[PDB]
Amino acid sequence: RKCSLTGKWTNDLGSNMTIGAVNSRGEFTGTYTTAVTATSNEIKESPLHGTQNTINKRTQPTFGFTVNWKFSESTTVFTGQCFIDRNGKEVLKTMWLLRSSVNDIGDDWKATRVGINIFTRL
Amino acid sequence: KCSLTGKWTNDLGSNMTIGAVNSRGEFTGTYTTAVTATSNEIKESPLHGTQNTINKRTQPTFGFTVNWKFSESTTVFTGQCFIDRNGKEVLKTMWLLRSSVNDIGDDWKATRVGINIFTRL
Amino acid sequence: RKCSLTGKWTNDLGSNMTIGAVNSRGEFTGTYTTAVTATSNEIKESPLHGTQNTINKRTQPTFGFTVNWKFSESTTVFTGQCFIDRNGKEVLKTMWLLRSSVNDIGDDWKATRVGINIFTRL
Amino acid sequence: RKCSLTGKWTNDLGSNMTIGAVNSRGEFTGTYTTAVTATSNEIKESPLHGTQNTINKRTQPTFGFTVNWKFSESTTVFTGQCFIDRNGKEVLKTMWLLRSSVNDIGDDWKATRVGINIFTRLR
Ligand SMILES: O=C1N[C@H]2[C@H](CS[C@H]2CCCCC(=O)c2ccc3ccc4cccc5ccc2c3c45)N1
Ligand SMILES: O=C1N[C@H]2[C@H](CS[C@H]2CCCCC(=O)c2ccc3ccc4cccc5ccc2c3c45)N1
Ligand SMILES: O=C1N[C@H]2[C@H](CS[C@H]2CCCCC(=O)c2ccc3ccc4cccc5ccc2c3c45)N1
Ligand SMILES: O=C1N[C@H]2[C@H](CS[C@H]2CCCCC(=O)c2ccc3ccc4cccc5ccc2c3c45)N1
Ligand SMILES: *[C@@H]1O[C@H](CO)[C@@H](O)[C@H](O)[C@H]1NC(C)=O
Ligand SMILES: *[C@@H]1O[C@H](CO)[C@@H](O)[C@H](O)[C@H]1NC(C)=O
Ligand SMILES: *[C@@H]1O[C@H](CO)[C@@H](O)[C@H](O)[C@H]1NC(C)=O
Ligand SMILES: *[C@@H]1O[C@H](CO)[C@@H](O)[C@H](O)[C@H]1NC(C)=O
């Protein structure tokens, strides 16, 4: 069918996320449980909010979301595309930017990390 | 505090308006790009995001998604709101622009990266 | 047993590269055969030039290199780190930037793609 | 007529680099003096090695180089294009990846930072 974002996912790093119903404007909300973190602070489940692109109602749509971490001053944004193979196996191929907080504008240059994640269903 | 609400323009000439930021840090708005990857006519597009409220920083991090209404593509922006040495607010952001590809074997080439600096308009 | 860049490698996309000897300053040269390309033009083997970081002569050093494509106006740069496991299996975890040419500076914004690659020995 | 990498440059952060002659294969070397650093160590001038793309011998070519930092375990790679306006004013629009060292492969995910730089000539 269409590749749908709703439901439960895990990534190559062991992180989980659950996304709820996608409304008619493509808006969704959920939660994200990272399996990894940059430092010793305790991981807390964090909210995410995003949109799926609905133009031409593609069966493999692009999308993006923001994770607003509840245990860091940082923000991660993820963007990717939902693929589906002939057996109906779904996968999200994503890239992210992780923005840290810096105290001063002179340190902005070092504030942004980059990486990928591949998510498959639970 | 450096506040996301209001009207902004970037180094490329794009405009965006962000509304009120609620108690969970959620905001919505609209984005008018000045530039585009292809010939399709530009349309104003919704954005949705969140500002980080931990320690209620006067210069908080944030992120938002632009759900383009004239492309199959998605752009995500993340940055931090600074209050500059001239007293001006400025958003320093980096973005990932995801294009749609028909086949998973082409995924590798789908994601572009860049920056934008926004100032108030 | 240090993780050494010299020799023949293949990545998750099927691309091959062969790196020669790494000199005492960490400098190396080689060739890169991509398995994929952005367009229809025929792929040609292309030169690469790089450096491995030698500070503290780490057994898992960072490195970078430039691929000077011989069939495109484009350039790709890769940067990563060479890892080992105790049975001696080496792997390079890398991220790349692929710079396309544009014929007007007003189009610079779109010129740069980003991704990852994982290489293992042949 | 062509935008040439050789010579002395400075970027929006204040960093300087000097690039030497670009040979017929497009190979160059030089030195990089960052104005900024992620941590307290004293900044040391560092070698760079790169190539400019010569396909179709464009007057505004792409290029890339690696900076092998002499004061960190880290590596930076820069890639971009040399632009030249009608008065002959040159500028390098670049983007970079900064790879830090991590002790364990389980930390790889956090190792890579991203950003941009714009360089203009020093006469
Ligand atoms: O599934 C996935 N998980 C990872 C990737 C992309 S998002 C990433 C999780 C990041 C959570 C924040 C974090 O680890 C964290 C934790 C504690 C920090 C303490 C102090 C910090 C100071 C500056 C910057 C930080 C950035 C992230 C930090 C922390 C800091 N995919
Ligand atoms: O303010 C800022 N503006 C720029 C930067 C980052 S977001 C970027 C604007 C992106 C608009 C979407 C687009 O270009 C677009 C439009 C139409 C497309 C039609 C067909 C496409 C086919 C493949 C790939 C595409 C990629 C982007 C496309 C389009 C396509 N900052
Ligand atoms: O092993 C790996 N392979 C891939 C990844 C990162 S490097 C990439 C291979 C790049 C080959 C050059 C290319 O695709 C290429 C070739 C011809 C082009 C002609 C015209 C272009 C116009 C705009 C943008 C381009 C981008 C890449 C192009 C070409 C163009 N890892
Ligand atoms: O002109 C430009 N300059 C900046 C940008 C991109 S390259 C960047 C300079 C990087 C110098 C290395 C560095 O800061 C550095 C120095 C010491 C470090 C010690 C320990 C580290 C541990 C983890 C990560 C690091 C990242 C950079 C580090 C260092 C570490 N443009
Ligand atoms: C992901 O979900 C599984 C069970 O449904 C659980 O074992 C695992 O702990 C979860 N991951 C994280 C990082 O919480
Ligand atoms: C941004 O706003 C200014 C002032 O209203 C306007 O003149 C300009 O055309 C707008 N730009 C775009 C891309 O809509
Ligand atoms: C890489 O090497 C393998 C084994 O030698 C070979 O079969 C394959 O064709 C090579 N790939 C490319 C892209 O040349
Ligand atoms: C670069 O050179 C300029 C003048 O040539 C100098 O004023 C500046 O301090 C130098 N910057 C660095 C980082 O060395």
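Residues numbered from 1 in each chain as written, not as in the entry; some residues may be left out. Chains lettered and ligands numbered in written order. Heavy atoms only, no water.

Listed as the method for this PDB entry is X-ray crystallography; the listed resolution is 2.00 Å.

**With respect to the site of ligand 2**
What surrounds ligand 2 is a group of 18 residues, the closest being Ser 14, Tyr 31, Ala 37, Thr 38 and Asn 116 of chain B. Positioned at a junction of chains, ligand 2 has nearby residues supplied by chains B and C. Between ligand 2 and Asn 10 of chain B, the relevant distance is 3.1 Å, taken from an oxygen atom to a side-chain nitrogen or oxygen of the residue. Contact distances for ligand 2 include 2.6 Å between an oxygen atom and a side-chain N or O atom of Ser 14 of chain B. In the complex, 85% of the free accessible area of ligand 2, which totals 630 Å², lies under the protein chains. By residue class, the composition of the shell around ligand 2 is eight nonpolar, 10 polar and no charged. (Near = heavy atom within 4 Å. Polar contact = N/O pair within 3.5 Å; in protein donor to acceptor, adjacent residues only side chain to side chain. Areas by Shrake-Rupley, 256 points an atom, 1.4 Å probe, with all protein chains shown as cover. Nonpolar A, V, L, I, M, F, W, Y, C, P; charged D, E, K, R; others polar.)

**Some remarks on the state of the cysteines**
For the coordinates displayed, the defined rule picks out four disulfides over all chains. The disulfide that involves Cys 3 of chain A links it to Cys 82 of chain A, with 2.0 Å between the sulfurs. The disulfide joining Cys 3 of chain A to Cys 82 of chain A has a torsion of about -75° about its S-S bond and is therefore left-handed. On the criterion of sequence distance, the pair formed by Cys 3 of chain A in the segment before strand 1 (7-11) and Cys 82 of chain A in strand 6 (residues 75-84) is long-range, its members being 79 residues apart. In terms of burial, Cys 3 of chain A and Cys 82 of chain A fall into one category: buried. Between the sulfur atoms of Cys 2 of chain B and its disulfide partner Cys 81 of chain B the distance amounts to 2.0 Å. Disulfide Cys 2 of chain B-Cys 81 of chain B: the torsion about the S-S bond is -75°, which places it as left-handed. Pair noted here: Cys 2 of chain B is in the segment before strand 1 (6-10) and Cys 81 of chain B is in strand 6 (residues 74-83), with a separation of 79 residues, a long-range link. (Disulfide = S-S within 2.5 Å. Helix = DSSP H or I, 4+ residues; strand = E, 2+ residues; numbered from the N terminus. Buried < 20%, exposed > 50% of the residue type's maximum accessible area, 1.4 Å probe, protein only.)

**A look at the UniProt feature "disulfide bond" in chain D**
Residue and element names in this part refer to chain D. Formation of the UniProt disulfide linking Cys 3 with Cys 82 is confirmed by an inter-sulfur distance of 2.0 Å, under the 2.5 Å limit. Of this pair, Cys 3 sits in the segment before strand 1 (7-11) while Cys 82 sits in strand 6 (residues 75-84), and the two are 79 residues apart along the sequence. Take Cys 3: its relative accessible area is 2%, and that puts it in the buried class. Of the residues examined, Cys 82 reaches a relative accessible area of 0% and is grouped as buried. (UniProt positions renumbered as here; feature names shortened; annotations may be inferred.)

**Overview of the pattern of salt bridges**
For the structure on display, the rule yields 19 salt bridges over all chains. Residue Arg 120 of chain B is joined to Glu 89 of chain B by a salt bridge in which the shortest nitrogen-to-oxygen separation is 2.9 Å. With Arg 120 of chain B in strand 8 (residues 111-120) and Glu 89 of chain B in strand 7 (residues 89-98), the pair connects residues that are 31 residues apart, well separated along the chain. We classify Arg 120 of chain B as partly exposed; its relative accessible area is 37%. Taking the relative accessible area as the measure of exposure, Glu 89 of chain B reaches 17% and is therefore buried. Where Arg 58 of chain C meets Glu 73 of chain D, a salt bridge forms, and the shortest distance between an N and an O atom there is 3.3 Å. With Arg 58 of chain C in the loop between strand 4 (46-52) and strand 5 (62-68) and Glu 73 of chain D in the loop between strand 5 (62-68) and strand 6, this residue pair bridges two chains. (Salt bridge = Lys/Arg side-chain N within 4 Å of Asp/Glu carboxyl O.)

**Focus on the nonpolar core**
Nonpolar side chains in soluble globular proteins tend to be buried together. One finds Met 17, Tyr 32, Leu 48, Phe 65 and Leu 92 of chain A to be the most contacted residues of the largest nonpolar core, which totals 21 residues. For this core, the secondary structure elements donating two or more residues are strand 2 (16-19), strand 3 (27-33), strand 5 (62-68), strand 6 and strand 7 (90-99) of chain A. (Core = buried A, V, L, I, M, F, W, Y, C linked by side-chain atoms within 4.5 Å.)

**Some remarks on unusual backbone geometry**
One non-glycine residue with positive phi stands out, namely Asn 56 of chain A, at about 60°. In this structure, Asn 56 of chain A sits in the loop between strand 4 (46-52) and strand 5. On the basis of relative accessible area, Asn 56 of chain A is assigned to the exposed category, the value being 52%. Unusually for a residue other than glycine, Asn 56 of chain D sits at a positive phi of about 65°.

**Some details on the site of ligand 6**
Residue and element names in this part refer to chain B. Residues in close proximity to ligand 6 include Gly 13, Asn 15, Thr 32, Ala 34 and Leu 121, which together make up its full environment. Taking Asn 15, its side chain carries an N or O atom lying 2.4 Å from an oxygen atom of ligand 6. Taking 360 Å² as the accessible area of ligand 6 by itself, protein coverage stands at 38%. Tallied by class, the residues present in the shell around ligand 6 amount to two nonpolar, three polar and no charged.

**Some thoughts on the interface of chain A and chain D**
At the interface, 12 residues of chain A touch 12 residues of chain D. Buried surface at the junction of chain A and chain D, summed over both partners, amounts to about 1300 Å²; 64% is from carbon and sulfur atoms. Across the contact surface, chain A and chain D share zero salt bridges. At the surface where chain A touches chain D, the tally comes to six residue pairs in polar contact. Counting residues per element, the ones that place at least two in the side of chain A that touches chain D are strand 7 and strand 8 (112-121) of chain A. Residues that form the side of chain A that touches chain D fall into these classes: eight nonpolar, two polar and two charged. (Contact = heavy atoms within 4.5 Å. Buried area = accessible area lost by both parts, 1.4 Å probe.)

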